[PDB]
Amino acid sequence: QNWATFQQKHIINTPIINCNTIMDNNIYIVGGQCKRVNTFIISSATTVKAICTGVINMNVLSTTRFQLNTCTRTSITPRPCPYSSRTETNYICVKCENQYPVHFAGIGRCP
């Protein structure tokens, strides 16, 4: 919803993570249920923010590739839910608002 929250939800410093434990956080419980998917970007915040330079309101596909680790819910169960990890190097699509990434829209291409 804003830059500070996007950073907290998506930007990390290491590709080695336990999806089951990192997702056990209130920030990923949407509408009372554990989020289905969340992609983590292993990069400096500056580089991700730069994708939105000059963009006021639009989904933008990054020109460069980022190191990613996505946690995907394997089954809907009471919190904490189980997730599987999947790493890759790909472009990312983010929702830009007044030159700030505020939502992660997709991997590889924009919806």
# chains A, B, ... in the order shown; residues from 1 in each chain; ligands from 1
>>> residues_around(residues="residue A:13", least_positions_apart="6", cutoff="8 Å", atoms="only C-alpha atoms", output="list in words")
residues 42, 43 and 44 of chain A
>>> write_last_selection(atoms="N, CA and C atoms", output="CSV table (one decimal), in the first residue's frame")
chain,number,residue,atom,x,y,z
A,42,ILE,N,15.7,-10.2,-3.3
A,42,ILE,CA,17.0,-10.1,-2.6
A,42,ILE,C,17.7,-9.0,-3.4
A,43,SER,N,17.6,-7.8,-2.9
A,43,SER,CA,18.2,-6.6,-3.6
A,43,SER,C,18.2,-5.4,-2.6
A,44,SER,N,19.0,-4.4,-3.0
A,44,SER,CA,19.0,-3.2,-2.2
A,44,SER,C,17.7,-2.5,-2.5
>>> select_by_dssp(residues="stretch 21-90 of chain A", states="strand (DSSP E or B)", output="PyMOL selection string")
chain A and resi 29-30+33-34+37-42+57-61+66-73+83-90
>>> write_last_selection(atoms="C-alpha atoms", output="PDB file, in the first residue's frame")
ATOM      1  CA  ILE A  29      -2.608 -12.645   7.121  1.00  0.00           C
ATOM      2  CA  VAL A  30      -5.092 -11.099   4.706  1.00  0.00           C
ATOM      3  CA  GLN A  33      -6.234 -16.044   6.193  1.00  0.00           C
ATOM      4  CA  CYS A  34      -2.581 -16.772   5.410  1.00  0.00           C
ATOM      5  CA  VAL A  37       1.855 -16.261  -2.257  1.00  0.00           C
ATOM      6  CA  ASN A  38       4.555 -13.702  -1.476  1.00  0.00           C
ATOM      7  CA  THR A  39       7.671 -13.030  -3.508  1.00  0.00           C
ATOM      8  CA  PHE A  40      10.805 -11.850  -1.743  1.00  0.00           C
ATOM      9  CA  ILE A  41      13.320  -9.728  -3.638  1.00  0.00           C
ATOM     10  CA  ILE A  42      16.963 -10.069  -2.587  1.00  0.00           C
ATOM     11  CA  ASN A  57       0.235   5.570 -11.497  1.00  0.00           C
ATOM     12  CA  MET A  58       0.933   2.388 -13.431  1.00  0.00           C
ATOM     13  CA  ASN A  59       2.182  -1.202 -13.266  1.00  0.00           C
ATOM     14  CA  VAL A  60       5.754  -1.284 -14.542  1.00  0.00           C
ATOM     15  CA  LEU A  61       7.840  -4.269 -15.602  1.00  0.00           C
ATOM     16  CA  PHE A  66      16.258  -9.547  -9.767  1.00  0.00           C
ATOM     17  CA  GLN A  67      17.097 -12.470  -7.487  1.00  0.00           C
ATOM     18  CA  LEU A  68      13.827 -13.825  -6.123  1.00  0.00           C
ATOM     19  CA  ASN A  69      12.508 -16.347  -3.638  1.00  0.00           C
ATOM     20  CA  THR A  70       8.772 -16.977  -3.677  1.00  0.00           C
ATOM     21  CA  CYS A  71       6.849 -18.630  -0.873  1.00  0.00           C
ATOM     22  CA  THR A  72       3.737 -20.451  -2.029  1.00  0.00           C
ATOM     23  CA  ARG A  73       1.090 -21.821   0.323  1.00  0.00           C
ATOM     24  CA  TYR A  83       4.706 -22.898   2.276  1.00  0.00           C
ATOM     25  CA  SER A  84       7.150 -24.162  -0.341  1.00  0.00           C
ATOM     26  CA  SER A  85      10.098 -22.146  -1.659  1.00  0.00           C
ATOM     27  CA  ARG A  86      11.053 -21.436  -5.265  1.00  0.00           C
ATOM     28  CA  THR A  87      14.042 -19.294  -6.274  1.00  0.00           C
ATOM     29  CA  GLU A  88      14.706 -17.664  -9.642  1.00  0.00           C
ATOM     30  CA  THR A  89      16.248 -14.704 -11.467  1.00  0.00           C
ATOM     31  CA  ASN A  90      13.590 -12.749 -13.356  1.00  0.00           C
TER      32      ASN A  90
END
>>> select_by_dssp(residues="chain A", states="alpha helix (DSSP H)", output="list in words")
residues 3, 4, 5, 6, 7, 8, 9, 10, 19, 20, 21, 22, 45, 46, 47, 48 and 49 of chain A
>>> write_last_selection(atoms="N, CA, C and O atoms", output="mmCIF file, in the first residue's frame")
data_model
loop_
_atom_site.group_PDB
_atom_site.id
_atom_site.type_symbol
_atom_site.label_atom_id
_atom_site.label_comp_id
_atom_site.auth_asym_id
_atom_site.auth_seq_id
_atom_site.Cartn_x
_atom_site.Cartn_y
_atom_site.Cartn_z
ATOM 1 N N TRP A 3 5.416 2.579 0.296
ATOM 2 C CA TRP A 3 6.816 2.168 0.178
ATOM 3 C C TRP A 3 7.371 1.448 1.408
ATOM 4 O O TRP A 3 8.053 0.436 1.282
ATOM 5 N N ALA A 4 7.087 1.972 2.595
ATOM 6 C CA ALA A 4 7.577 1.367 3.830
ATOM 7 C C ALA A 4 7.068 -0.068 4.012
ATOM 8 O O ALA A 4 7.821 -0.962 4.397
ATOM 9 N N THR A 5 5.786 -0.279 3.735
ATOM 10 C CA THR A 5 5.188 -1.599 3.882
ATOM 11 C C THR A 5 5.661 -2.547 2.782
ATOM 12 O O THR A 5 5.903 -3.720 3.038
ATOM 13 N N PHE A 6 5.804 -2.038 1.563
ATOM 14 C CA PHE A 6 6.285 -2.867 0.463
ATOM 15 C C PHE A 6 7.683 -3.396 0.811
ATOM 16 O O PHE A 6 7.999 -4.565 0.574
ATOM 17 N N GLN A 7 8.522 -2.533 1.384
ATOM 18 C CA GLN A 7 9.867 -2.938 1.756
ATOM 19 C C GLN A 7 9.810 -4.058 2.777
ATOM 20 O O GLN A 7 10.478 -5.081 2.631
ATOM 21 N N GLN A 8 9.011 -3.849 3.818
ATOM 22 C CA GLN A 8 8.860 -4.831 4.882
ATOM 23 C C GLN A 8 8.352 -6.176 4.348
ATOM 24 O O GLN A 8 8.836 -7.233 4.755
ATOM 25 N N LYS A 9 7.386 -6.131 3.433
ATOM 26 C CA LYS A 9 6.797 -7.345 2.857
ATOM 27 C C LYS A 9 7.623 -8.097 1.812
ATOM 28 O O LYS A 9 7.516 -9.324 1.713
ATOM 29 N N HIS A 10 8.450 -7.378 1.051
ATOM 30 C CA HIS A 10 9.185 -7.989 -0.057
ATOM 31 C C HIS A 10 10.705 -7.935 -0.153
ATOM 32 O O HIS A 10 11.308 -8.794 -0.796
ATOM 33 N N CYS A 19 10.490 -20.498 4.392
ATOM 34 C CA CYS A 19 9.189 -19.927 4.060
ATOM 35 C C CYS A 19 8.141 -20.099 5.157
ATOM 36 O O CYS A 19 7.350 -19.191 5.411
ATOM 37 N N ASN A 20 8.134 -21.254 5.812
ATOM 38 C CA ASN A 20 7.156 -21.501 6.867
ATOM 39 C C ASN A 20 7.244 -20.528 8.037
ATOM 40 O O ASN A 20 6.228 -20.132 8.599
ATOM 41 N N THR A 21 8.454 -20.130 8.405
ATOM 42 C CA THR A 21 8.609 -19.219 9.527
ATOM 43 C C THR A 21 8.536 -17.739 9.145
ATOM 44 O O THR A 21 7.994 -16.923 9.895
ATOM 45 N N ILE A 22 9.064 -17.386 7.980
ATOM 46 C CA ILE A 22 9.039 -15.986 7.566
ATOM 47 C C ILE A 22 7.613 -15.509 7.243
ATOM 48 O O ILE A 22 7.292 -14.334 7.421
ATOM 49 N N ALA A 45 17.143 -1.776 -1.504
ATOM 50 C CA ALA A 45 15.872 -1.089 -1.695
ATOM 51 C C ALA A 45 15.950 -0.069 -2.832
ATOM 52 O O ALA A 45 15.009 0.085 -3.612
ATOM 53 N N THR A 46 17.084 0.620 -2.921
ATOM 54 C CA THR A 46 17.297 1.638 -3.946
ATOM 55 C C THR A 46 17.025 1.155 -5.371
ATOM 56 O O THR A 46 16.388 1.852 -6.157
ATOM 57 N N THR A 47 17.510 -0.039 -5.693
ATOM 58 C CA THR A 47 17.334 -0.607 -7.028
ATOM 59 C C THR A 47 15.880 -0.920 -7.370
ATOM 60 O O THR A 47 15.460 -0.781 -8.522
ATOM 61 N N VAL A 48 15.108 -1.348 -6.374
ATOM 62 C CA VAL A 48 13.704 -1.657 -6.619
ATOM 63 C C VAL A 48 12.912 -0.362 -6.780
ATOM 64 O O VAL A 48 12.053 -0.243 -7.658
ATOM 65 N N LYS A 49 13.208 0.616 -5.934
ATOM 66 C CA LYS A 49 12.516 1.899 -5.992
ATOM 67 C C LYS A 49 12.700 2.568 -7.352
ATOM 68 O O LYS A 49 11.784 3.216 -7.862
#
>>> closest_residue(among="A:36, A:106, A:92, A:16", to="residue A:76", atoms="only C-alpha atoms")
A:36
>>> residues_around(residues="stretch 99-101 of chain A", least_positions_apart="3", cutoff="7 Å", atoms="only C-alpha atoms", output="compact mmCIF listing (two decimals) with N, CA, C and O atoms, in the first residue's frame")
# COMPACT_ATOMS: atom_id res chain seq x y z
N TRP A 3 5.42 2.58 0.30
CA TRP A 3 6.82 2.17 0.18
C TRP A 3 7.37 1.45 1.41
O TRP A 3 8.05 0.44 1.28
N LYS A 49 13.21 0.62 -5.93
CA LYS A 49 12.52 1.90 -5.99
C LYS A 49 12.70 2.57 -7.35
O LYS A 49 11.78 3.22 -7.86
N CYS A 52 10.25 2.64 -10.48
CA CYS A 52 9.14 3.58 -10.54
C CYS A 52 9.51 5.05 -10.79
O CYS A 52 8.63 5.91 -10.75
N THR A 53 10.78 5.33 -11.02
CA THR A 53 11.21 6.70 -11.26
C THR A 53 10.37 7.37 -12.35
O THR A 53 10.33 6.88 -13.48
N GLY A 54 9.71 8.47 -12.01
CA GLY A 54 8.91 9.18 -12.99
C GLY A 54 7.54 8.62 -13.32
O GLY A 54 6.82 9.18 -14.15
N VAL A 55 7.17 7.51 -12.69
CA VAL A 55 5.87 6.90 -12.95
C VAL A 55 4.89 7.30 -11.85
O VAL A 55 5.14 7.03 -10.67
N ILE A 56 3.79 7.92 -12.24
CA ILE A 56 2.79 8.39 -11.28
C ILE A 56 1.72 7.37 -10.88
O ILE A 56 1.32 7.32 -9.72
N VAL A 94 5.77 -4.29 -10.72
CA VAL A 94 5.29 -3.65 -9.51
C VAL A 94 4.32 -2.52 -9.81
O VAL A 94 4.38 -1.90 -10.88
N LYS A 95 3.42 -2.28 -8.87
CA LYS A 95 2.45 -1.21 -9.01
C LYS A 95 3.16 0.04 -8.53
O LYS A 95 3.58 0.11 -7.38
N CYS A 96 3.30 1.03 -9.41
CA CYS A 96 3.96 2.28 -9.07
C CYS A 96 2.96 3.38 -8.74
O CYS A 96 2.00 3.59 -9.48
>>> atom_distance(atom1="atom CA of residue A:63", atom2="atom CA of residue A:28")
27.6 Å
